[PDB]
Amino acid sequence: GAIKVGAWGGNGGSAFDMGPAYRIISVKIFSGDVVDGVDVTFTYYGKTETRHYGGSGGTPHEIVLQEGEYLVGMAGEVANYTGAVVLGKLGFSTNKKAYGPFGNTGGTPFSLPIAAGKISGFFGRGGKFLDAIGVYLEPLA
């Protein structure tokens, strides 16, 4: 868990920190006007777990990673929504396809292309919505 980039977003809400997973199985992005939160399902030290960060409003959009598929990009926009500085839009790329945007509120763009390596986990801040998000990076095996 030595390489953490981000977080992008605001200073509100409460901190979360997943740490790195052995393998990410799926990510669900909950969104409506903004990004409400994320589920991450993953393997970890012999266990399989699901963790939820942020709120649970909006609609879930699930990206299931197939055998040999991994996350190689994240991008989005940081927006003001109802006075909260949050992820207004969020998306992800795998080595196969890009997904998103999830959310509808424009703001300040950010983008993280990973030319070598993969996203292995998440940290950030959450409340009613997803205030901020960053990622753990690991090399490819």
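Numbers follow the displayed sequence, beginning with 1.
Asks: Tell me which of 74 to 82 and 60 to 68 has the higher mean C-alpha B-factor in the deposited entry.
Replies: Mean CA B-factor is higher for 60 to 68.
Asks: 33 to 41 versus 49 to 57: which one carries the higher mean Cα B factor per the record?
Replies: On average, C-alpha B-factors are higher across 49 to 57.
Asks: Which third, lowest, middle or highest, does the C-alpha temperature factor of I25 belong to within its own chain?
Replies: Middle third by C-alpha B-factor.
Asks: If you rank the chain by CA B-factor, which third does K118 end up in: lowest, middle or highest?
Replies: According to the entry, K118 has a C-alpha B-factor in the chain's lowest third.
Asks: Which third of the chain does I3 land in by C-alpha B-factor: lowest, middle or highest?
Replies: Middle third, going by the recorded CA B-factors of the chain.
Asks: Please place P109 in the lowest, middle or highest third of its chain according to the CA B-factor in the PDB entry.
Replies: For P109, the deposited C-alpha B-factor lands in the middle third.
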